[PDB]
């Protein structure tokens, strides 16, 4: 995630094992429950798209759930491209860039800290939450 240090600068730091552990814990302890969703938000504060993918991959053995998530992400990325088509320079992010599949961590941090910013982590996070809601329904 990207966090503000003591001075006031925005610095990147890795996800802790503790955080990844708590995430796997909640996904399984509360499997199928929407209770998982606010915990996802809590555990992913300041997350970049790469971070979100690390979290998803740690629970990536769930075949049907991951497939539902993937198709949701694909749909949202397509809608992003419709809503915001791409026309010290910096290229603008496309749907696949927000999902972290075609962008580097450097590029993601660049967008998030740009003036003015595009919070690609927060955007991707919403797509994932859409997916999580659909997983709840698929297993209701």
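Positions refer to the first chain, counted from 1.
- Among the other PDB entries of this protein that were compared and that flank it with modelled residues, residue 62 is modelled in all, so it is never left out in a third of them.
- In at least a third of the other compared PDB entries of this protein that cover both flanking sides, residue 6 is left without coordinates.
- Where coordinates are absent for parts of the deposited sequence, a chain break appears; between neighbours residue 87 and residue 88 it spans 4 to 9 residues.
- Higher average CA B factor: 89-97, of the stretches 89-97 and 27-35.
- Higher mean CA temperature factor, per the PDB entry, when comparing 101-109 with 48-56: 101-109.
- Ranking 20, 128, 10, 120 by the C-alpha B-factor listed in the PDB entry places 10 at the top.
- In this PDB entry, the Cα temperature factor of residue 114 sits in the top third of its chain's modelled residues, the highest group.
- Ranked by C-alpha B-factor against the other modelled residues of its chain, residue 83 falls in the lowest third.
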